[PDB]
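Colleague: Dumping the structure here so I can ask a few things about it.
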Amino acid sequence: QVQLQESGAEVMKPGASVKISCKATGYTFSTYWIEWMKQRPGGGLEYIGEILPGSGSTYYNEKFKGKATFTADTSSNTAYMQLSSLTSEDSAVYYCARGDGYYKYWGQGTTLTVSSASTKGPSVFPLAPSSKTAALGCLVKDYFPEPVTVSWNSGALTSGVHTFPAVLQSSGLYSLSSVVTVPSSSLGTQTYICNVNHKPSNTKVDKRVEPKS
Amino acid sequence: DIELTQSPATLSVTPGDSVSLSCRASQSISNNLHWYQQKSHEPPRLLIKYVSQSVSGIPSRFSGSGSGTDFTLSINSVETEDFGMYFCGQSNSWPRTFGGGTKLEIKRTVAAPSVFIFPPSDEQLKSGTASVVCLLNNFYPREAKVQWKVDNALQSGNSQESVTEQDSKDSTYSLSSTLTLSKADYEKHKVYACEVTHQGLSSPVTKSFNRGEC
C-alpha cells in the first residue's frame, strides 16, 4: 500500500528558507524517484525536480536551480525539498509524487505562505439579522495567517451555513465571513453563537449574534 | 520544453450529459499523455494513463483518446461528483509539464439569489472602520453584478467580493460583497444600498438600510 505523507503548512518572512518533507511508505524508498511540483492558487502544476533517494541523483527544472534543493534519507524513508531566499512568488501548494511513469501516488500537499505580515488574531463582529427566513453571521476580520475555522452553536447548527474563502486585504491581513440562514421567527427567542478559532494566535471567540434593538 | 494546451478552460455540464475535453501538445510526446482530476484542496488523482489506458479505481465513465498532438478526455454521462479541475500531463521528457486545466462546473436550473445587507457593527465602528456586507445566497449561475450605492452615489474600488465553491447540496453559489470605509466616511452618509443584478431576477434587487433607523 504505497503512501506519501507531506509535512505541515509553513508561513515564512521573505528571504527565509523552508524545508518540506515527503515521507514515503509501502516500498523500498531507494528504487523510485520522488518528484516535486508547485501549484499556485488557481493555477496549473509546475515541475520543480526529482530525486532518487538511494543514489541521491537529482534533476532540476532549470527555472528552480537557484530555488529548490532536494535531499533524501533512505533510513527514514523521507525526502526533502528546501526552498531558499523566499518571496511571495513562492507562495503555493507543493506536492511530492512517486515516479511511476504517470503520477499515481501523491502527497497530500503542503501550503507555503510567504508574507511581510506578522501573526495577528482576528476581530469578530456580528452580521446582525435584518429589521425585517433571515440571515445572520460573523465577520472575522484582520488576521494572519490562514486558517480560521468557524462553527455555529458548537456544530449543532450546520444546515444553511456558508463560510466564505478568506480575502487577502491591502494590509496583508486576511478577512472572512461566515453566514447562516435561519427562520425569521427564531431571531427574538433564541441564541446564535459563532465559534471562531484562529490557532496561530490562540484566538478562540464565541460571539453572540443578536438583532440590534 | 513541451507545452500542453487545454480547451475549453471552463465547461458547465448538466449531469447525464457527455463531455469531450481537449488537450493539445506543442510537439509529439509518444503515448506518454495522462489525465488527472483534482478537487479543491486535494492532490490531483490519476484518471487515464498512456493516452487511453484504464487506471485502477477510476469509474468507467471516464475514457481518454487521441494521437500525435491531439488528445481528448471523454466523460460518458457526467455525474454530480465529477465537478473539478482536469489536467493533461506529459511524461515523455523532462521537465514534466501539464496543461492549464479545464474547470468542470455542474450545470443546474437558474436560481435567483437571496439578498441580505448587513450594517457594520458598533464594536467595529468604535475602532475606526466600517465593513458593510452584502450577501447573495444560493444562486446559479455564477455571473452576478453587485452595485454599492451610498446616498445614491455609486461606489467604485472600495469593495471586495468572495464566492463559495459550488454547494455540495444543490450546486449553487453564494457570494459576499464587503464595502470597507473609514468610520469617518461611513458616518458622512445615511443610506447604504446593495443592488444585485442576476439572470434569475426580473429586475435588480436592492437591499438597504438607513443609519437613522434601528
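Convention: chains lettered A, B, ... in C-alpha cells order; per-chain residue numbering from 1; ligands numbered from 1 as shown.
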List the neighbours of residue 145 (chain A) out to 9 Å using only C-alpha atoms; skip same-chain residues closer than 4 positions along the sequence, and give me the result as a PyMOL selection string.
Modeller: chain A and resi 11+113+117-121+173-174+198+200
Colleague: Find the residues around residue 207 (chain B) up to 10 Å (only C-alpha atoms counted), leave out those fewer than 5 positions away in its own chain, and share them as a list in words.
Modeller: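 My reading of the contact set: residues 115, 116, 117, 118, 134, 135, 148, 192, 193, 194, 195 and 196 of chain B.
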Colleague: Can those selected residues be exported to a file as an mmCIF file, in the first residue's frame so that it contains N, CA and C atoms?
Modeller:
```cif
data_model
loop_
_atom_site.group_PDB
_atom_site.id
_atom_site.type_symbol
_atom_site.label_atom_id
_atom_site.label_comp_id
_atom_site.auth_asym_id
_atom_site.auth_seq_id
_atom_site.Cartn_x
_atom_site.Cartn_y
_atom_site.Cartn_z
ATOM 1 N N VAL B 115 -30.922 38.128 -1.287
ATOM 2 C CA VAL B 115 -30.035 39.234 -0.975
ATOM 3 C C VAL B 115 -30.312 39.703 0.436
ATOM 4 N N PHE B 116 -29.239 39.970 1.165
ATOM 5 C CA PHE B 116 -29.272 40.444 2.532
ATOM 6 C C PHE B 116 -28.159 41.459 2.705
ATOM 7 N N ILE B 117 -28.448 42.527 3.438
ATOM 8 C CA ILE B 117 -27.473 43.580 3.665
ATOM 9 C C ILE B 117 -27.262 43.677 5.164
ATOM 10 N N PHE B 118 -26.032 43.984 5.576
ATOM 11 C CA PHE B 118 -25.645 43.974 6.988
ATOM 12 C C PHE B 118 -24.876 45.251 7.289
ATOM 13 N N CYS B 134 -22.840 42.745 1.937
ATOM 14 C CA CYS B 134 -23.946 42.281 1.119
ATOM 15 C C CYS B 134 -23.756 40.801 0.796
ATOM 16 N N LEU B 135 -24.786 40.015 1.067
ATOM 17 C CA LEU B 135 -24.777 38.573 0.887
ATOM 18 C C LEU B 135 -25.742 38.203 -0.235
ATOM 19 N N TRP B 148 -22.768 48.813 -5.100
ATOM 20 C CA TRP B 148 -22.938 49.555 -3.857
ATOM 21 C C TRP B 148 -23.335 50.997 -4.153
ATOM 22 N N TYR B 192 -27.349 53.215 2.929
ATOM 23 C CA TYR B 192 -26.403 52.259 2.348
ATOM 24 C C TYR B 192 -27.153 51.143 1.631
ATOM 25 N N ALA B 193 -26.885 50.986 0.334
ATOM 26 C CA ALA B 193 -27.689 50.141 -0.536
ATOM 27 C C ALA B 193 -26.809 49.185 -1.322
ATOM 28 N N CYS B 194 -27.300 47.958 -1.471
ATOM 29 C CA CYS B 194 -26.655 46.929 -2.267
ATOM 30 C C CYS B 194 -27.633 46.514 -3.355
ATOM 31 N N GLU B 195 -27.216 46.635 -4.611
ATOM 32 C CA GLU B 195 -28.070 46.372 -5.765
ATOM 33 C C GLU B 195 -27.553 45.158 -6.536
ATOM 34 N N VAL B 196 -28.384 44.128 -6.667
ATOM 35 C CA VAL B 196 -27.952 42.849 -7.240
ATOM 36 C C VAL B 196 -28.661 42.609 -8.574
#
```
Colleague: Find the residue from A:130, A:55, A:158, A:185 that sits nearest to chain B; use only C-alpha atoms when measuring.
Modeller: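 Answer, going by the shortest atom-to-atom distance: A:130.
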Colleague: Write out, as CSV, each residue of chain A that has an atom at most 9 Å from chain B, together with the closest pair of atoms and their distance in Å to one decimal, counting only C-alpha atoms, rows going by chain and rising number.
Modeller:
```
residue,atom,partner,partner_atom,distance
A:43,CA,B:100,CA,7.0
A:44,CA,B:100,CA,5.1
A:45,CA,B:98,CA,6.0
A:46,CA,B:97,CA,6.7
A:47,CA,B:96,CA,5.9
A:48,CA,B:95,CA,8.2
A:49,CA,B:95,CA,7.6
A:59,CA,B:94,CA,8.8
A:60,CA,B:95,CA,8.1
A:61,CA,B:95,CA,5.9
A:62,CA,B:95,CA,8.7
A:95,CA,B:43,CA,7.5
A:101,CA,B:91,CA,6.5
A:102,CA,B:49,CA,6.6
A:103,CA,B:46,CA,6.6
A:104,CA,B:46,CA,5.6
A:105,CA,B:45,CA,8.1
A:106,CA,B:43,CA,6.4
A:107,CA,B:43,CA,7.0
A:108,CA,B:43,CA,5.6
A:109,CA,B:43,CA,6.3
A:123,CA,B:124,CA,8.3
A:124,CA,B:124,CA,8.7
A:125,CA,B:121,CA,6.2
A:126,CA,B:121,CA,6.2
A:127,CA,B:118,CA,5.8
A:128,CA,B:118,CA,6.4
A:129,CA,B:118,CA,7.3
A:130,CA,B:118,CA,7.4
A:131,CA,B:214,CA,7.5
A:134,CA,B:116,CA,8.3
A:135,CA,B:116,CA,6.9
A:136,CA,B:118,CA,8.3
A:139,CA,B:131,CA,8.7
A:162,CA,B:174,CA,7.5
A:163,CA,B:164,CA,7.6
A:164,CA,B:164,CA,5.6
A:165,CA,B:162,CA,6.5
A:166,CA,B:162,CA,7.6
A:167,CA,B:162,CA,6.9
A:169,CA,B:160,CA,8.8
A:176,CA,B:162,CA,8.6
A:177,CA,B:176,CA,7.9
A:179,CA,B:135,CA,8.4
A:212,CA,B:214,CA,7.2
A:213,CA,B:214,CA,6.5
```
Colleague: Take the residues that were just selected and, keeping C-alpha atoms, output them as a short mmCIF file (atom, residue, chain, number, x, y, z; two decimals), in the first residue's frame.
Modeller:
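File written: selection.cif
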```
data_model
loop_
_atom_site.label_atom_id
_atom_site.label_comp_id
_atom_site.auth_asym_id
_atom_site.auth_seq_id
_atom_site.Cartn_x
_atom_site.Cartn_y
_atom_site.Cartn_z
CA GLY A 43 -3.15 27.63 -11.48
CA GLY A 44 -1.52 24.72 -13.23
CA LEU A 45 1.06 22.27 -11.99
CA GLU A 46 4.73 23.21 -12.35
CA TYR A 47 7.60 20.72 -12.25
CA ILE A 48 10.32 21.50 -9.73
CA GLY A 49 12.54 18.44 -9.99
CA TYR A 59 17.28 16.55 -11.76
CA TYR A 60 16.14 20.17 -11.53
CA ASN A 61 13.79 22.15 -13.75
CA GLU A 62 16.05 24.99 -14.88
CA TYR A 95 3.29 18.33 -3.86
CA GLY A 101 5.87 6.96 -15.41
CA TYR A 102 2.50 8.50 -14.61
CA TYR A 103 1.88 10.04 -11.18
CA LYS A 104 -0.28 7.56 -9.31
CA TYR A 105 0.72 8.26 -5.69
CA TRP A 106 0.77 11.88 -4.46
CA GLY A 107 1.45 13.54 -1.17
CA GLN A 108 -1.49 15.44 0.26
CA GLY A 109 0.02 18.87 -0.50
CA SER A 123 -11.68 40.67 15.47
CA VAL A 124 -15.12 39.08 15.23
CA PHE A 125 -18.15 41.24 14.55
CA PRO A 126 -21.84 40.33 14.31
CA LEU A 127 -23.65 40.31 11.00
CA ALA A 128 -26.90 41.13 12.54
CA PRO A 129 -30.20 39.94 11.08
CA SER A 130 -32.46 42.43 9.36
CA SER A 131 -35.11 44.67 10.96
CA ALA A 134 -33.41 35.60 7.83
CA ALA A 135 -29.63 35.72 7.57
CA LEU A 136 -27.05 36.46 10.23
CA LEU A 139 -17.29 38.95 10.19
CA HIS A 162 -21.75 29.39 4.24
CA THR A 163 -18.19 30.28 5.24
CA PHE A 164 -16.53 32.27 2.50
CA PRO A 165 -12.93 31.85 1.40
CA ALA A 166 -10.68 34.42 3.01
CA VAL A 167 -9.73 37.53 1.04
CA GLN A 169 -6.59 42.64 2.24
CA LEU A 176 -13.54 36.36 6.07
CA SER A 177 -17.25 35.99 6.74
CA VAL A 179 -23.27 33.40 7.34
CA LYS A 212 -29.93 45.18 17.42
CA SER A 213 -32.62 46.96 19.44
#
```
Colleague: Under the rule that only C-alpha atoms are counted, which of B:76, B:65, B:152, B:102 is the nearest residue to residue 206 (chain B)?
Modeller: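 Answer, going by the shortest atom-to-atom distance: B:152.
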Colleague: Fewer than 4 positions away in the same chain doesn't count, so skip those; otherwise give me all residues within 10 Å of region 9-11 of chain B, counting only C-alpha atoms, as a ChimeraX atom specification.
Modeller: /B:5,19,21-22,83,85-86,100-107
Colleague: Print the selection's residues with N, CA, C and O atoms to a file, as an mmCIF file, in the first residue's frame.
Modeller:
```cif
data_model
loop_
_atom_site.group_PDB
_atom_site.id
_atom_site.type_symbol
_atom_site.label_atom_id
_atom_site.label_comp_id
_atom_site.auth_asym_id
_atom_site.auth_seq_id
_atom_site.Cartn_x
_atom_site.Cartn_y
_atom_site.Cartn_z
ATOM 1 N N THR B 5 -1.720 22.395 -24.104
ATOM 2 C CA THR B 5 -2.741 23.440 -24.210
ATOM 3 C C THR B 5 -4.145 22.849 -24.149
ATOM 4 O O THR B 5 -4.546 22.088 -25.032
ATOM 5 N N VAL B 19 -19.227 14.866 -22.144
ATOM 6 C CA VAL B 19 -18.324 15.945 -22.497
ATOM 7 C C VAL B 19 -17.017 15.391 -23.016
ATOM 8 O O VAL B 19 -16.556 14.324 -22.605
ATOM 9 N N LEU B 21 -13.243 16.939 -23.356
ATOM 10 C CA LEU B 21 -12.242 17.970 -23.121
ATOM 11 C C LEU B 21 -11.038 17.696 -24.010
ATOM 12 O O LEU B 21 -10.670 16.541 -24.230
ATOM 13 N N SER B 22 -10.433 18.758 -24.528
ATOM 14 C CA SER B 22 -9.317 18.631 -25.449
ATOM 15 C C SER B 22 -8.026 19.083 -24.790
ATOM 16 O O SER B 22 -8.014 19.989 -23.949
ATOM 17 N N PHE B 83 -17.521 17.259 -10.830
ATOM 18 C CA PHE B 83 -17.013 18.624 -10.804
ATOM 19 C C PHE B 83 -15.540 18.628 -10.408
ATOM 20 O O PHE B 83 -15.104 17.854 -9.552
ATOM 21 N N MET B 85 -11.256 20.103 -11.486
ATOM 22 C CA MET B 85 -10.256 20.523 -12.452
ATOM 23 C C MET B 85 -9.647 19.304 -13.142
ATOM 24 O O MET B 85 -9.335 18.302 -12.490
ATOM 25 N N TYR B 86 -9.488 19.390 -14.466
ATOM 26 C CA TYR B 86 -8.975 18.290 -15.277
ATOM 27 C C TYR B 86 -7.733 18.765 -16.016
ATOM 28 O O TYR B 86 -7.797 19.728 -16.787
ATOM 29 N N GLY B 100 -3.066 23.801 -18.782
ATOM 30 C CA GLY B 100 -3.626 24.804 -17.908
ATOM 31 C C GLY B 100 -4.799 24.316 -17.092
ATOM 32 O O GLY B 100 -5.088 24.895 -16.048
ATOM 33 N N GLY B 101 -5.482 23.270 -17.540
ATOM 34 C CA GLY B 101 -6.647 22.802 -16.825
ATOM 35 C C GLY B 101 -7.953 23.190 -17.510
ATOM 36 O O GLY B 101 -8.030 24.130 -18.309
ATOM 37 N N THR B 102 -8.986 22.410 -17.213
ATOM 38 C CA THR B 102 -10.365 22.706 -17.569
ATOM 39 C C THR B 102 -11.155 22.577 -16.283
ATOM 40 O O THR B 102 -11.140 21.513 -15.657
ATOM 41 N N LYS B 103 -11.844 23.637 -15.876
ATOM 42 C CA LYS B 103 -12.712 23.538 -14.710
ATOM 43 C C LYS B 103 -14.086 23.042 -15.156
ATOM 44 O O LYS B 103 -14.766 23.697 -15.947
ATOM 45 N N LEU B 104 -14.469 21.863 -14.691
ATOM 46 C CA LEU B 104 -15.785 21.321 -14.981
ATOM 47 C C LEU B 104 -16.724 21.788 -13.882
ATOM 48 O O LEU B 104 -16.561 21.429 -12.711
ATOM 49 N N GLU B 105 -17.684 22.616 -14.253
ATOM 50 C CA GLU B 105 -18.760 23.022 -13.370
ATOM 51 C C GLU B 105 -19.982 22.161 -13.652
ATOM 52 O O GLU B 105 -20.156 21.637 -14.757
ATOM 53 N N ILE B 106 -20.826 22.010 -12.646
ATOM 54 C CA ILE B 106 -22.065 21.271 -12.788
ATOM 55 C C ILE B 106 -23.174 22.266 -13.094
ATOM 56 O O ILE B 106 -23.375 23.229 -12.344
ATOM 57 N N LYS B 107 -23.864 22.055 -14.217
ATOM 58 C CA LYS B 107 -24.932 22.940 -14.652
ATOM 59 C C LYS B 107 -26.255 22.482 -14.055
ATOM 60 O O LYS B 107 -26.440 21.305 -13.742
#
```
